[PDB]
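I have placed the structure first, in the form of C-alpha cells, so that the comments after it can refer back to it.
All of this is worked out from the model, or read from it or from the source named; none is laboratory data. Cβ sites come from the backbone with ideal geometry, for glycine too, and all protein chains shown count toward neighbours.
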Amino acid sequence: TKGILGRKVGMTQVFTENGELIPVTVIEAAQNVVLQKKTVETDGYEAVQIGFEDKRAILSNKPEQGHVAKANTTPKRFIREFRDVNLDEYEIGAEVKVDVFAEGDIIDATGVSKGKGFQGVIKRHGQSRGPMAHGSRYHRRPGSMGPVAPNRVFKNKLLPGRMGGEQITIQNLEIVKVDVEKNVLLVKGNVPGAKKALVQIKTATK
Amino acid sequence: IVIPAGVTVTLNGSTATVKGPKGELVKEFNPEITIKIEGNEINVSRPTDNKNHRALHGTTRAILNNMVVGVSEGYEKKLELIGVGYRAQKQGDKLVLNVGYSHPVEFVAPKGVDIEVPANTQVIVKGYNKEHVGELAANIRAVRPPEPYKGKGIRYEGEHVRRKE
Amino acid sequence: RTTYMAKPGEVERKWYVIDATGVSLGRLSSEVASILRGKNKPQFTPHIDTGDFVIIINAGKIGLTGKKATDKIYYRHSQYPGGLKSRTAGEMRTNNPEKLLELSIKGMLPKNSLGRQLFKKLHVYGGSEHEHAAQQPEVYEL
Amino acid sequence: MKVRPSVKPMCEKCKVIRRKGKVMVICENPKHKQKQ
RNA sequence: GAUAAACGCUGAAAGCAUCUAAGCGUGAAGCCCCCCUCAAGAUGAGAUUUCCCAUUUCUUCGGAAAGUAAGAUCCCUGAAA
RNA sequence: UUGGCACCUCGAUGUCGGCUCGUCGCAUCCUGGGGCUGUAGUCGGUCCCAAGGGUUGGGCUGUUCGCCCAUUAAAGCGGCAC
Ligand SMILES: [Mg+2]
Ligand SMILES: [Mg+2]
Ligand SMILES: [Mg+2]
Ligand SMILES: [Mg+2]
Ligand SMILES: [Mg+2]
Ligand SMILES: [Mg+2]
Ligand SMILES: [Mg+2]
Ligand SMILES: [Mg+2]
Ligand SMILES: [Mg+2]
Ligand SMILES: [Mg+2]
Ligand SMILES: [Mg+2]
Ligand SMILES: [Zn+2]
C-alpha cells in the first residue's frame, strides 16, 4: 500500500498500444518528503506523514521550520498522513517518487471538489422542477417541508446551501503512465478539484 | 465409569482432562456437580435433586464416558454416496466429493479428526472427540443430503431415507 | 433558623474503589448512585454535592440475571428519521462495559445540573486496573 | 412447517415436543410438522 | 463477525429417544464491521510533532496593570474561494 | 371503510384530485434465507424469517378508483389533518 501527494495539472488524452483513446488527469508530484513516522507506542496508530511542494521561507513560521528540520528538508505547502502502509519502508527525510506506482496499478484519488457557491435544490440535490407553464408558480423550489403532525421539519429535509468544496474519493482509477524525470502520473479518468488542486493518490483499499 | 488401561484423568477445578493413547481431551463441567477419581473407576455425584441438577448429573457421566471411550477405542461415522457420478477422492488431506455440482466440494479435516475413503462410494470420518466426528460427518452429508425421489445423495451408514414418486 | 447546610468544599469527598464482579447491574448501580449523591453522610445537603468519588473496576464481570444479556435492549435515537440504533446489554457488557454501568447509574442520579456534576465523579473500568492510584482510593463493600 | 395456534397430533406417529419454549409436533410424515 | 427462520451435532432430565435443559456447529439483500463523508462544544473539550519562553512595573497573599515572544490580524493585490 | 356519538375548533382548524418533497408501519410486490408441497425436472403454490434497497411510461375517465396499451426483477398494501 503506497501513497503520494501531487497537484492536478489538468486533463488530456493518450492513445493505448491497443490503439484506444483514453482521457487522463496529469498529476505532478515533485518534492514529496517523509516528515514523520507515527507508531502505536508514541501516537496510538501507524501512519507516515508526507510533506509535498516546497514553500518560500517567509510563507512558513518557526513551528513549521522546526518540524521539517527533523527531516532535513525545506518547509512544505501540504502535509498529509497515510495509514495502512509499511513504516519499515519510508525513512525520515526520504523522497517519495512517483515510481512507487507502476502502469496498470489501481489507486484511489482523494481531493476537495470544486467550489460551487450557494446553490439551490435542483443543482445541489438533483430535485425536479415544478411545471414551467400551465399556470405554475412553482419552478426551482424545494417541495413540501413534510407532514403536519410533527409540528416540525425532520433533519435531512434537503434545502439550498453551499454546494462544493467537499473531500471526495474516486476509487479504482488505473495509472496509465509514470514519468519520473517530470515527476508525473497519468491517472485514467478525472479526479476531484480545480486545476492546481492537491490530490492524494493511495493504492486502492479494494 | 470404568477407565480402560493406558488412560489417565485429572481434575483441576471444575474441568476434567482425559488423556489416552489416541488423543487428549479437555472439557469444563458445571461446578455444582462433584466428580470423584479412583484408581480404575469414576463416580459423578449429584448434590440436591432439582430439574436443574438431575439433568447436569446425567450429561456429565455421559460426556465424561464419551471423553474416556473416545480416547481408548475411538469413534467412526461411515457415510455412503449413492447416485451416478457421485464419487469421493482424497487428494492429500482434503476430502474431495463430486456430487452433481458444477464445482467439486473439498473438506480439510479439523485438528484431531481424520477422513479416509476405502471405496470411492463411501467416506469414514474417524476421531476421538465424538462431538467433532459428529459435526464433520453432518457437514459432509449437508453438501448433498439424501433426496427422497431416487435416494441420490450422501447418507449415514444405517440411515432410513423416506421415498416418493 | 438552625438546620445545618453543607457549603461547597466543606465536606471531605473521599475516593472509593468498588469491585463489580458478579453483582446485579442494578444493585451495584443503586448503591453507587447513593454514594455519589452523598446520602450516606449526615452532612447530606440536597443542593450541594457532599458525596464521594467512585471507581468501579471489573465492570466486564457485572451480573445480568435471567435473559437480560440478550433481551435488555439499550436504544439511541440520532434525531434523524428512522435513526433508532439498539444494542443488547450482553453485547455492551462485552465491548463497552464502561458505557453499560454509566447508562445504568446515569438513570439513578437526579436529572438536573447537579446530577450531571455527580456523573463526572464516576470512573468505570472493564478490567481490574485504574490510573487513579494518586487519589489513594479506599476499597468499599456493598 | 405448519405454523398455527392449534398444534395437535395428526397421526399416531406424531410426537409433541418443546424446543425454545415453542410447542411443536414432529413426524415421519413431513406434512405433519407443526409449530405453535 | 454475531444472528433470524431453519437444519444439525453432542446430550441428559426420562437406562430409550430427543436440535436443548449444560455445551458445540451451520445459517439471510437484514444486524455490527468493512466502503464514503462529517466529527473533541466528545464541556468526557482527546493525541502527536514543532515553536515561544518564564520580562517589567506596582500590589495585602489573592491578583491587577503594561509593554512583548512565538504567532495571528487590520489594511492592500486577488481567485482555484 | 361504511357507520354511531357530538367531546376540541363557527371573534374561520378554509378546500377533492394532481405537482413538489418525502418519511414511517409490515399484514412483503421484487430481490435474500428457509419449512411443506398434489416438491421427478422446468414453471409454480403456500407458510416462516426478512423493511437493506428497489418498486414505470402512456391512452381513456375531472375522476381517487378503474379499464386498456407497452414495459418491468417488481409494477406491494397502509399511516402521517384521507
Ligand atoms: Mg468557484
Ligand atoms: Mg418532471
Ligand atoms: Mg413562473
Ligand atoms: Mg413535538
Ligand atoms: Mg441425538
Ligand atoms: Mg457464522
Ligand atoms: Mg350530551
Ligand atoms: Mg382566533
Ligand atoms: Mg413479517
Ligand atoms: Mg390521466
Ligand atoms: Mg390531505
Ligand atoms: Zn403424523
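Can you report the number of residues in segment D:19-36 which are within 25 Å of B:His160 (Cβ to Cβ) and within 10 Å of the chain's Cα centre (by Cα)? Qualifying residue count for the region: 10.
Candidates A:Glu181, A:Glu81: the one that is in a loop (DSSP other than H, G, I, E, B) and either exposed (fewer than 11 other Cβ atoms within 10 Å of the Cβ) or away from ligand 4 (no atom under 16 Å from the Cβ) (or both) is A:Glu181. Within segment C:79-124, the set of residues being surrounded by 14 or more Cβ atoms within 10 Å (Cβ to Cβ), without any contact (Cβ under 8 Å) to a residue 60 or more places away in the chain and within 14 Å of C:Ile35 (Cα to Cα) comprises C:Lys106, C:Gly115. Inside segment A:84-139, can you point out the residues that are within 16 Å of ligand 3 (Cβ to nearest atom) and surrounded by 14 or more Cβ atoms within 10 Å (Cβ to Cβ)? If the condition is that a residue be within 16 Å of ligand 3 (Cβ to nearest atom) and surrounded by 14 or more Cβ atoms within 10 Å (Cβ to Cβ), then A:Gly120, A:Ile122 are the ones that fit. Among A:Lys8, A:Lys2, which is the only one that is under 21 Å from A:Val96 (Cβ atoms), in contact (Cβ under 8 Å) with a residue 24 or more places away in the chain and surrounded by fewer than 21 Cβ atoms within 10 Å (Cβ to Cβ)? Result: A:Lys2 is the single residue among A:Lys8, A:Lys2 that is under 21 Å from A:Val96 (Cβ atoms), in contact (Cβ under 8 Å) with a residue 24 or more places away in the chain and surrounded by fewer than 21 Cβ atoms within 10 Å (Cβ to Cβ). Of the residues making up segment A:122-167, those that are more than 14 Å from C:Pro81 (Cα to Cα) and touching a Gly at 6+ places or on another chain (Cβ under 6 Å) number 7. Evaluate segment B:127-139: report whether one residue or more is outside the structural domain of B:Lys22 (by CATH), basic (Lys, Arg), assigned to a helix (DSSP H, G or I) and closer than 23 Å to D:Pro30 by Cβ. Looking for residues that are outside the structural domain of B:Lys22 (by CATH), basic (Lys, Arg), assigned to a helix (DSSP H, G or I) and closer than 23 Å to D:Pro30 by Cβ, one finds none in segment B:127-139, hence no.
For first residues located in segment D:11-30 and within 13 Å of chain B (Cβ to nearest Cβ), partners that are assigned to a strand (DSSP E or B) and away from ligand 1 (no atom under 16 Å from the Cβ) and lie 6+ apart or on another chain with Cβ distances below 8 Å form the pairs D:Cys27/D:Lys15.
If I filter segment A:143-181 down to residues being within 27 Å of A:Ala109 (Cα to Cα) and of a type in the set (A, V, I, L, M, F, W, C), which single residue comes out as farthest from the other protein chains (Cβ to nearest Cβ)?
We begin by selecting, within segment A:143-181, every residue within 27 Å of A:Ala109 (Cα to Cα); these are A:161-181.
From the residues that got through so far, the ones that are of a type in the set (A, V, I, L, M, F, W, C) too are A:163, A:168, A:170, A:173, A:175-176, A:178, A:180.
Numbers: A:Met163: 21, A:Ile168: 22, A:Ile170: 27, A:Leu173: 32, A:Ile175: 35, A:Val176: 37, A:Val178: 40, A:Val180: 45 Å.
Here the answer is A:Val180.
Looking only at segment C:14-24, which residues are of a type outside the set (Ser, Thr, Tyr) and touching a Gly at 6+ places or on another chain (Cβ under 7 Å)? Answer for segment C:14-24, where residues must be of a type outside the set (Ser, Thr, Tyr) and touching a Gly at 6+ places or on another chain (Cβ under 7 Å): C:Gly22, C:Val23. Every listed requirement among (1) farther than 21 Å from B:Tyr156 by Cα; (2) more than 23 Å from the chain's Cα centre (by Cα) is met by B:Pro104 save one, (1).
Within segment B:5-32, residues that are of a type in the set (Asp, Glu) have Cβ atoms under 8 Å from residues that are exposed (fewer than 15 other Cβ atoms within 10 Å of the Cβ) in these pairs: B:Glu24/B:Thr17; B:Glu28/B:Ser14; B:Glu28/B:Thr15; B:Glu32/B:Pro47, counting only partners at least 6 apart in sequence or on another chain.
Within segment A:177-206, being farther than 22 Å from A:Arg83 by Cα, away from ligand 1 (no atom under 16 Å from the Cβ) and not aliphatic (A, V, I, L, M) holds for A:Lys177, A:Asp179, A:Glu181, A:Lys182, A:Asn183, A:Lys188, A:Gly189, A:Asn190. I'd like the full set of residues that are surrounded by 17 or more Cβ atoms within 10 Å (Cβ to Cβ) and among the basic types (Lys, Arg), limited to segment C:1-40. Once the filter is applied, which keeps residues that are surrounded by 17 or more Cβ atoms within 10 Å (Cβ to Cβ) and among the basic types (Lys, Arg), segment C:1-40 yields only C:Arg37. A count restricted to segment D:1-17 and to residues that are exposed (fewer than 10 other Cβ atoms within 10 Å of the Cβ) and either part of a strand (DSSP E or B) or under 8 Å from the mean Cα position of the chain (by Cα) (or both) stands at 1. Of the residues examined, B:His53 is one that is free of Cβ contacts under 8 Å to residues at least 24 places away in the same chain, more than 25 Å from B:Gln122 (Cβ to Cβ), within 13 Å of RNA strand E (Cβ to nearest atom) and not assigned by CATH to the domain that holds B:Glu147.
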